[PDB]
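# Observations on the model geometry
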Amino acid sequence: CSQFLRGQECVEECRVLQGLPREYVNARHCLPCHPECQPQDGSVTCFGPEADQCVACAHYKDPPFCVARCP
Amino acid sequence: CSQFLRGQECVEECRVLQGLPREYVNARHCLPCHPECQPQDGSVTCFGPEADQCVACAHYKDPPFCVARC
Amino acid sequence: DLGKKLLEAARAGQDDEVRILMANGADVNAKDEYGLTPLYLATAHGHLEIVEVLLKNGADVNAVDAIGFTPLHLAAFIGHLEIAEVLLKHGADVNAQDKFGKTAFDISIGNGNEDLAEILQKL
Amino acid sequence: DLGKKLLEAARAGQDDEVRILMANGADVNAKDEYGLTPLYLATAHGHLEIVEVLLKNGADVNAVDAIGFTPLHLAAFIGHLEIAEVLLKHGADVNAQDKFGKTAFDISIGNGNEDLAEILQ
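A few points on the structure. (Residues numbered from 1 in each chain as written, not as in the entry; some residues may be left out. Chains lettered and ligands numbered in written order. Heavy atoms only, no water. Residues with missing side-chain atoms left out of burial classes, pairs and counts.)

This part is about the state of the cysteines. Think of a disulfide as a covalent bridge from one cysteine sulfur atom to another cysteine sulfur atom. All names here are of chain A. Here the structure, examined in full by the defined rule, presents ten disulfides over all chains. Between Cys37 and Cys54 runs a disulfide, and the two sulfur atoms are separated by 2.0 Å. Taking the sign of the S-S torsion, about -70° here, the bridge from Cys37 to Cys54 comes out left-handed. On the criterion of sequence distance, the pair formed by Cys37 in the loop between β4 (29-32) and β5 (60-62) and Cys54 in the loop between β4 and β5 is long-range, its members being 17 residues apart. Side by side, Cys37 and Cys54 carry an identical accessibility label, which is buried. (Disulfide = S-S within 2.5 Å. Helix = DSSP H or I, 4+ residues; strand = E, 2+ residues; numbered from the N terminus. Buried < 20%, exposed > 50% of the residue type's maximum accessible area, 1.4 Å probe, protein only.)

Quick look at the structure:
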């Protein structure tokens, strides 16, 4: 596969600026943002797979993490 | 946290040579190897989150991916 | 008018439409509804030739998105080596930082692209 | 006997134990159940002082695991900057390759460990 890998599927491009769930790219692999990242429109959504790597939280922020709820 | 993150838990080390599920590490995060990776005993188990990143396969190979059913 | 057309063309990967719209004097640094830019959209969608053409026509290499990503940032992110090289030849600020203070090289390390990282490191 | 205790001490961060075993002639390069050495295990588990001691007592700095990871490979995989630097100061083969042709630098970039990568350039 000369393109991007999403699991096994060879896809033309990952979901970085559009599509759901948003993805970050690593080693030509399309990989999912943490579910707590707010999908962005004028930017990428995450920089990795974890709740402290979002650009903005879907719900609450409990620095440095995005969380469904506060404790 | 100045050690490693496993999700939000701050941990002393990741599971690179032992423990289940086995882990790779990226920018100080403990992240899981793909479940089709065979847990290794003399080395790390994987290099990233995906099934073409295992050292060896838990079940069937299908280059370059470790899979459950061929 | 010509702005929206150039934006859709860069997005969809339509080399000819882009060259034409440039010819008919479309704004090379037009902004879409999210403040994005043809150069940026072209890099996002992996369109080398279009990136090259936009650059020949004075596209701003230091246009920033919502968090201060330049096209070089996004190239590093996705791991588009060739596009990154083309942006470096055309005046891309390699020290430029997004709102979290990361440069393209940082982003490259997060993407795990050794060759792009290497090119960026030696700067 | 002593070798098993040394290997365990290296896993568990027991520096006082490592010291007393070395003092009683424990094999600094003893191989475990899986062919791994104290230095590798101390690296795996982030025990800096222990890699310091093991090195001063002649641990094999380029010993190799199942896939040809040297301790430096492992330090780069995990993100142990300091241990990696210590390894370098004591003769880590900066060009060594695993059975995939990857060097420590390769692996540092693979695992997003910028500072590591940066001292291996």
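What follows continues from the structure just given.
Our focus in this paragraph is the interface of chain A and chain B. Listed as interface residues are twelve residues of chain A and, on the opposing side, twelve residues of chain B. Taking both partners together, chain A and chain B bury about 1100 Å²; carbon and sulfur atoms supply 59% of that area. By the criterion of area lost to chain B, the three top residues of chain A are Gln8, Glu50 and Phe65 of chain A, representing 40% of everything that side buries. Between chain A and chain B we count zero salt bridges in total. The interface formed by chain A and chain B includes two residue pairs in polar contact. Breaking the side of chain A that touches chain B down by element, the ones donating at least two residues are β4 and β6 (65-67) of chain A. (Contact = heavy atoms within 4.5 Å. Buried area = accessible area lost by both parts, 1.4 Å probe. Salt bridge = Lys/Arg side-chain N within 4 Å of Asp/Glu carboxyl O. Polar contact = N/O pair within 3.5 Å; in protein donor to acceptor, adjacent residues only side chain to side chain.)

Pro21 of chain A follows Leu20 of chain A through a cis peptide bond whose omega is -5°. Of note, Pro21 of chain A is situated in the loop between β2 (9-11) and β3 (23-26). A positive phi angle, close to 35°, is found at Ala27 of chain B, a residue other than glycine. Summarising the element assignment, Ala27 of chain B is placed in the loop between β3 (23-26) and β4 (29-32). A residue is classified by how much of its surface remains accessible, and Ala27 of chain B, at 32% relative accessible area, is partly exposed. A positive phi is found at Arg28 of chain B, a non-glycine position, where the angle reads about 70°. Here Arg28 of chain B lies in the loop between β3 and β4. In this structure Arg28 of chain B comes out as partly exposed when scored by relative accessible area, which is 31%.

Ranking the four pairs of chains in contact by contact count places chains B and D at the top. The smallest C-alpha distance separating chain B from chain C is 8 Å, and no contact links them. There is no contact between chain A and chain D; across them, the least C-alpha separation is 8 Å.

The next subject is the interface of chain D and chain B. At the junction of the two partners, chain D supplies 19 residues and chain B supplies 18 residues. Carbon and sulfur atoms make up 64% of the surface buried where chain D meets chain B, a total of about 1500 Å² over both sides. In this assembly, chain D and chain B are joined by zero salt bridges. Between the two partners, chain D and chain B, sit eight residue pairs in polar contact. Of all the secondary structure elements, the ones that give two or more residues to the side of chain D that touches chain B are α3 (38-44) and α5 (71-78) of chain D. In terms of residue class, the side of chain D that touches chain B is built from eleven nonpolar, seven polar and one charged. (Nonpolar A, V, L, I, M, F, W, Y, C, P; charged D, E, K, R; others polar.)

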